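Structure, as structure tokens:
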Protein chains: 2
Amino acid sequence: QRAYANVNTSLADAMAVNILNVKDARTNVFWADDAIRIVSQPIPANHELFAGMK
Amino acid sequence: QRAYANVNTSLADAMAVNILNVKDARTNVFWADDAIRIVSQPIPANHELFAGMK
């Protein structure tokens, strides 16, 4: 399990939480291409079961 | 404009109007033909948005 470590230390008891967005700002987004996907499934309204609608 | 004048005299200030219905008698109507226009227009139900019906 320790082979998957990312942070160097565990959360302590009294640790203060910093807030990185202090002020309103317009974002700039960057990623490696692989990170985001779009999953899409078809909706079968062409099936025999729907005979009313075109 | 005077070509359209159908009356010899404009309305005075104090002038007696005369209502001609003193009784409930049932009408007898006469007109010169083409005095009543009947306007018609189709209802377009054949459109593809209506496809769920004949």
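Labels used: A, B, ... for chains in the order of the structure tokens, numbers from 1 for residues in each chain, and numbers from 1 for ligands as shown.
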Residues of chain A that approach chain B to 7 Å or less, counting only C-alpha atoms: could you list each one with the shortest pair of atoms and its distance in Å to one decimal, rows by chain and increasing residue number, as a Markdown table?
| residue | atom | partner | partner_atom | distance |
| --- | --- | --- | --- | --- |
| A:52 | CA | B:52 | CA | 4.8 |
| A:53 | CA | B:52 | CA | 5.4 |
| A:54 | CA | B:51 | CA | 6.1 |
Pairing the C-alpha atoms in order across the whole chain, superpose chain A onto chain B by least squares and write the result as an mmCIF file with N, CA and C atoms, in the first residue's frame.
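Saved to selection-v8.cif:
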data_model
loop_
_atom_site.group_PDB
_atom_site.id
_atom_site.type_symbol
_atom_site.label_atom_id
_atom_site.label_comp_id
_atom_site.auth_asym_id
_atom_site.auth_seq_id
_atom_site.Cartn_x
_atom_site.Cartn_y
_atom_site.Cartn_z
ATOM 1 N N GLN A 1 -62.378 64.465 -50.124
ATOM 2 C CA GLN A 1 -63.046 63.743 -49.050
ATOM 3 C C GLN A 1 -64.554 63.916 -49.114
ATOM 4 N N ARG A 2 -65.022 65.113 -49.463
ATOM 5 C CA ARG A 2 -66.451 65.371 -49.559
ATOM 6 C C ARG A 2 -67.117 64.570 -50.671
ATOM 7 N N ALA A 3 -66.341 64.053 -51.626
ATOM 8 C CA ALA A 3 -66.923 63.254 -52.697
ATOM 9 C C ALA A 3 -67.490 61.942 -52.175
ATOM 10 N N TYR A 4 -67.036 61.496 -51.007
ATOM 11 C CA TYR A 4 -67.507 60.262 -50.394
ATOM 12 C C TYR A 4 -68.665 60.483 -49.433
ATOM 13 N N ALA A 5 -69.210 61.697 -49.379
ATOM 14 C CA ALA A 5 -70.268 62.015 -48.431
ATOM 15 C C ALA A 5 -71.462 61.085 -48.587
ATOM 16 N N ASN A 6 -72.113 60.789 -47.462
ATOM 17 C CA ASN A 6 -73.320 59.973 -47.442
ATOM 18 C C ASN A 6 -74.451 60.684 -46.703
ATOM 19 N N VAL A 7 -74.261 61.008 -45.435
ATOM 20 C CA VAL A 7 -75.239 61.812 -44.707
ATOM 21 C C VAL A 7 -75.154 63.257 -45.187
ATOM 22 N N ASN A 8 -76.268 63.990 -45.088
ATOM 23 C CA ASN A 8 -76.326 65.347 -45.619
ATOM 24 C C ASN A 8 -75.861 66.410 -44.636
ATOM 25 N N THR A 9 -75.640 66.068 -43.371
ATOM 26 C CA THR A 9 -75.235 67.077 -42.402
ATOM 27 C C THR A 9 -74.462 66.421 -41.269
ATOM 28 N N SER A 10 -73.674 67.240 -40.583
ATOM 29 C CA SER A 10 -72.835 66.776 -39.490
ATOM 30 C C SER A 10 -73.637 66.626 -38.206
ATOM 31 N N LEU A 11 -73.142 65.769 -37.319
ATOM 32 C CA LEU A 11 -73.742 65.641 -35.999
ATOM 33 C C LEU A 11 -73.605 66.948 -35.234
ATOM 34 N N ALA A 12 -74.730 67.468 -34.759
ATOM 35 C CA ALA A 12 -74.737 68.696 -33.986
ATOM 36 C C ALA A 12 -74.506 68.372 -32.514
ATOM 37 N N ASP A 13 -74.613 69.396 -31.669
ATOM 38 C CA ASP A 13 -74.334 69.195 -30.252
ATOM 39 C C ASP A 13 -75.472 68.477 -29.533
ATOM 40 N N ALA A 14 -76.698 68.970 -29.655
ATOM 41 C CA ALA A 14 -77.789 68.539 -28.784
ATOM 42 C C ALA A 14 -78.647 67.462 -29.447
ATOM 43 N N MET A 15 -78.232 66.996 -30.624
ATOM 44 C CA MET A 15 -79.054 66.082 -31.412
ATOM 45 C C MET A 15 -79.508 64.877 -30.598
ATOM 46 N N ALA A 16 -80.804 64.587 -30.673
ATOM 47 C CA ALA A 16 -81.357 63.425 -29.997
ATOM 48 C C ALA A 16 -81.173 62.173 -30.843
ATOM 49 N N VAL A 17 -80.952 61.052 -30.169
ATOM 50 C CA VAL A 17 -80.691 59.773 -30.816
ATOM 51 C C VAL A 17 -81.994 58.984 -30.807
ATOM 52 N N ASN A 18 -82.544 58.729 -31.989
ATOM 53 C CA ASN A 18 -83.730 57.894 -32.097
ATOM 54 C C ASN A 18 -83.344 56.423 -32.048
ATOM 55 N N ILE A 19 -84.219 55.603 -31.480
ATOM 56 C CA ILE A 19 -84.025 54.159 -31.429
ATOM 57 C C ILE A 19 -85.060 53.500 -32.327
ATOM 58 N N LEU A 20 -84.592 52.820 -33.372
ATOM 59 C CA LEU A 20 -85.488 52.262 -34.375
ATOM 60 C C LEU A 20 -86.100 50.931 -33.977
ATOM 61 N N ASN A 21 -85.506 50.201 -33.035
ATOM 62 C CA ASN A 21 -86.171 49.010 -32.513
ATOM 63 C C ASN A 21 -86.785 49.337 -31.152
ATOM 64 N N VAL A 22 -88.102 49.542 -31.185
ATOM 65 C CA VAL A 22 -88.842 49.836 -29.966
ATOM 66 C C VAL A 22 -89.237 48.553 -29.252
ATOM 67 N N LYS A 23 -89.611 47.541 -30.019
ATOM 68 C CA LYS A 23 -90.153 46.315 -29.456
ATOM 69 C C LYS A 23 -89.452 45.093 -30.031
ATOM 70 N N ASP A 24 -89.403 44.010 -29.261
ATOM 71 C CA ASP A 24 -88.831 42.761 -29.743
ATOM 72 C C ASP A 24 -89.572 42.287 -30.984
ATOM 73 N N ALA A 25 -88.814 41.863 -31.991
ATOM 74 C CA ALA A 25 -89.406 41.362 -33.221
ATOM 75 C C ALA A 25 -88.421 40.423 -33.893
ATOM 76 N N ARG A 26 -88.945 39.578 -34.773
ATOM 77 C CA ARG A 26 -88.138 38.602 -35.488
ATOM 78 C C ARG A 26 -87.746 39.192 -36.838
ATOM 79 N N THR A 27 -86.450 39.191 -37.122
ATOM 80 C CA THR A 27 -85.898 39.993 -38.201
ATOM 81 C C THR A 27 -86.141 39.366 -39.568
ATOM 82 N N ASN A 28 -86.093 40.213 -40.593
ATOM 83 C CA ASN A 28 -86.093 39.809 -41.990
ATOM 84 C C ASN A 28 -84.919 40.471 -42.696
ATOM 85 N N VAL A 29 -83.966 39.661 -43.142
ATOM 86 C CA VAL A 29 -82.665 40.148 -43.581
ATOM 87 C C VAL A 29 -82.594 40.108 -45.100
ATOM 88 N N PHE A 30 -82.143 41.209 -45.700
ATOM 89 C CA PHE A 30 -81.965 41.310 -47.140
ATOM 90 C C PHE A 30 -80.633 41.971 -47.449
ATOM 91 N N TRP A 31 -80.010 41.541 -48.542
ATOM 92 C CA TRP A 31 -78.744 42.125 -48.957
ATOM 93 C C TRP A 31 -78.541 41.933 -50.449
ATOM 94 N N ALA A 32 -77.583 42.684 -50.986
ATOM 95 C CA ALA A 32 -77.017 42.368 -52.289
ATOM 96 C C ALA A 32 -75.967 41.276 -52.134
ATOM 97 N N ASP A 33 -75.902 40.361 -53.077
ATOM 98 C CA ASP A 33 -75.213 39.113 -52.843
ATOM 99 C C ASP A 33 -73.773 39.367 -52.465
ATOM 100 N N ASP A 34 -73.194 40.413 -53.028
ATOM 101 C CA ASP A 34 -71.764 40.644 -52.944
ATOM 102 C C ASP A 34 -71.300 41.036 -51.559
ATOM 103 N N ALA A 35 -72.232 41.406 -50.700
ATOM 104 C CA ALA A 35 -71.882 42.104 -49.469
ATOM 105 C C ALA A 35 -71.188 41.184 -48.472
ATOM 106 N N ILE A 36 -71.681 39.958 -48.311
ATOM 107 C CA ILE A 36 -71.180 39.036 -47.298
ATOM 108 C C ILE A 36 -70.285 37.997 -47.957
ATOM 109 N N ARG A 37 -69.164 37.694 -47.303
ATOM 110 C CA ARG A 37 -68.246 36.655 -47.741
ATOM 111 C C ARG A 37 -67.976 35.701 -46.590
ATOM 112 N N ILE A 38 -67.404 34.551 -46.924
ATOM 113 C CA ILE A 38 -66.910 33.599 -45.936
ATOM 114 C C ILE A 38 -65.455 33.335 -46.290
ATOM 115 N N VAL A 39 -64.550 33.763 -45.429
ATOM 116 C CA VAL A 39 -63.131 33.513 -45.625
ATOM 117 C C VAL A 39 -62.745 32.272 -44.837
ATOM 118 N N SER A 40 -61.996 31.376 -45.478
ATOM 119 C CA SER A 40 -61.665 30.100 -44.852
ATOM 120 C C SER A 40 -60.209 29.770 -45.174
ATOM 121 N N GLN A 41 -59.447 29.396 -44.142
ATOM 122 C CA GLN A 41 -58.070 28.947 -44.303
ATOM 123 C C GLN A 41 -57.928 27.488 -43.880
ATOM 124 N N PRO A 42 -57.042 26.734 -44.529
ATOM 125 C CA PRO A 42 -56.819 25.350 -44.113
ATOM 126 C C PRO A 42 -55.969 25.299 -42.859
ATOM 127 N N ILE A 43 -56.114 24.208 -42.118
ATOM 128 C CA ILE A 43 -55.337 23.946 -40.913
ATOM 129 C C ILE A 43 -54.432 22.746 -41.193
ATOM 130 N N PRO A 44 -53.194 22.924 -41.273
ATOM 131 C CA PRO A 44 -52.292 21.847 -41.723
ATOM 132 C C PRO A 44 -51.911 20.871 -40.616
ATOM 133 N N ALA A 45 -52.849 19.998 -40.262
ATOM 134 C CA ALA A 45 -52.544 18.905 -39.349
ATOM 135 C C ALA A 45 -52.013 17.678 -40.071
ATOM 136 N N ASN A 46 -51.921 17.716 -41.398
ATOM 137 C CA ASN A 46 -51.328 16.627 -42.161
ATOM 138 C C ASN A 46 -49.813 16.712 -42.226
ATOM 139 N N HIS A 47 -49.223 17.758 -41.661
ATOM 140 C CA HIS A 47 -47.797 17.986 -41.797
ATOM 141 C C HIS A 47 -47.006 16.942 -41.018
ATOM 142 N N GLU A 48 -45.738 16.783 -41.400
ATOM 143 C CA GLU A 48 -44.863 15.822 -40.736
ATOM 144 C C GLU A 48 -44.753 16.087 -39.244
ATOM 145 N N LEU A 49 -44.933 17.339 -38.823
ATOM 146 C CA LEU A 49 -44.649 17.696 -37.438
ATOM 147 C C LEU A 49 -45.603 17.014 -36.470
ATOM 148 N N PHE A 50 -46.778 16.603 -36.930
ATOM 149 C CA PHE A 50 -47.698 15.860 -36.073
ATOM 150 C C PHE A 50 -47.642 14.374 -36.423
ATOM 151 N N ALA A 51 -46.900 13.618 -35.619
ATOM 152 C CA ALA A 51 -46.794 12.189 -35.873
ATOM 153 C C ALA A 51 -47.614 11.335 -34.920
ATOM 154 N N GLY A 52 -48.171 11.913 -33.864
ATOM 155 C CA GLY A 52 -48.961 11.127 -32.942
ATOM 156 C C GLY A 52 -50.362 10.861 -33.439
ATOM 157 N N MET A 53 -51.034 11.922 -33.867
ATOM 158 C CA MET A 53 -52.441 11.837 -34.211
ATOM 159 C C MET A 53 -52.634 11.351 -35.641
ATOM 160 N N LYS A 54 -53.737 10.643 -35.857
ATOM 161 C CA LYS A 54 -54.158 10.275 -37.199
ATOM 162 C C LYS A 54 -55.122 11.316 -37.746
#
